[PDB]
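Take a look at the structure set out below.
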Amino acid sequence: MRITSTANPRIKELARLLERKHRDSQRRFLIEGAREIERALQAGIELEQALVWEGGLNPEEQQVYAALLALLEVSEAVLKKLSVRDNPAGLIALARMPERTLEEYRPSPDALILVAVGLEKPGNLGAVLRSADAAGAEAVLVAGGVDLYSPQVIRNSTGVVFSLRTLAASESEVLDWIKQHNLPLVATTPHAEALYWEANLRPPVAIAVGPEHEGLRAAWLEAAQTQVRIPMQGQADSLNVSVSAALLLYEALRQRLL
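With the entry's author numbering applied, the sequence shown covers 1 to 68, 74 to 263.
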């Protein structure tokens, strides 16, 4: 009926989904937020149950709730237990981990690709995917492991992870892939002479960015057709990777509209 105790066995089972091993073995994950839940539905993700704040839902959460499966009227302390936000949504769903399709990818003639190197933080991963989605990137190639169903990747990407082609592989594997398709590569580095605005970001192209507290290894710089930098005008020595990815990708979008 109305579950208010975090000790409730049903809630103890769902809380385990906050950890990766548990999501993978059970092929299930939580989706917090009416918009995230909706985008998941729009992507074909099957839901099994939805939890609802006993104190009511906001308008948006109400229309998502309408467009729906066992339901659970739940308390704030319980949603907070399943939440990864300061203030939890009023609607959290239990989802089935999708049928991981092993389809291969080949860049189209309009391909705008973002290559993220040294990106290990799920929060950062999500923010980066959000910037790549907004700019219109065709894919995000992550050189270094990815977890598409974690709560932080889902929140920071605002659900975009359910639709943006995001792939992982070793740096060597990704680099061999680039050359395999004769895909021009533009590497970002603070010591490059050319400003990023001067590079030619014509439709078929890949843009690499490294960690914010570090540059791209020599391997990436020797493989690039062009090396470029994002000018820093003040005290800051760097920017969050999601901000850098937006800058480079929006400049690509600006050149395309020309």
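Even for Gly, the Cβ is constructed at its ideal location relative to N, Cα and C.
Query: Under 7 Å from any heavy atom of the ligand ATP, does the C-beta of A139 make it?; Result: Ligands displayed in this structure: none; no statement on the ligand ATP is therefore possible.
Query: By Cβ distance, which residues of its chain are closer than 6 Å to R27, with the 5 residues on each side in sequence left out?; Result: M102
Query: Give me the Cα-Cα distance between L252 and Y201, rounded to the nearest whole angstrom.; Result: 9 Å
Query: Going by beta-carbon coordinates alone, are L134 and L169 separated by less than 8 Å?; Result: yes
Query: Taking the alpha carbon of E109 as the point to measure from, which residue in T4, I235, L146 has its own alpha carbon closest?; Result: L146
Query: How would you label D91, buried or exposed, when you count the other beta carbons within 10 angstroms and need 16 or more for buried?; Result: exposed
Query: In this structure, how does DSSP classify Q49 when only helix, strand and coil are distinguished?; Result: strand
Query: Going by the CB atoms, is the gap between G56 and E81 shorter than 8 Å?; Result: no
Query: Can you find at least 3 beta carbon pairs, one from the stretch 230 to 240 and one from the stretch 122 to 131, that sit closer than 8 Å?; Result: no
Query: Using the C-alpha atoms, what's the distance from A139 back to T163?; Result: 11 Å
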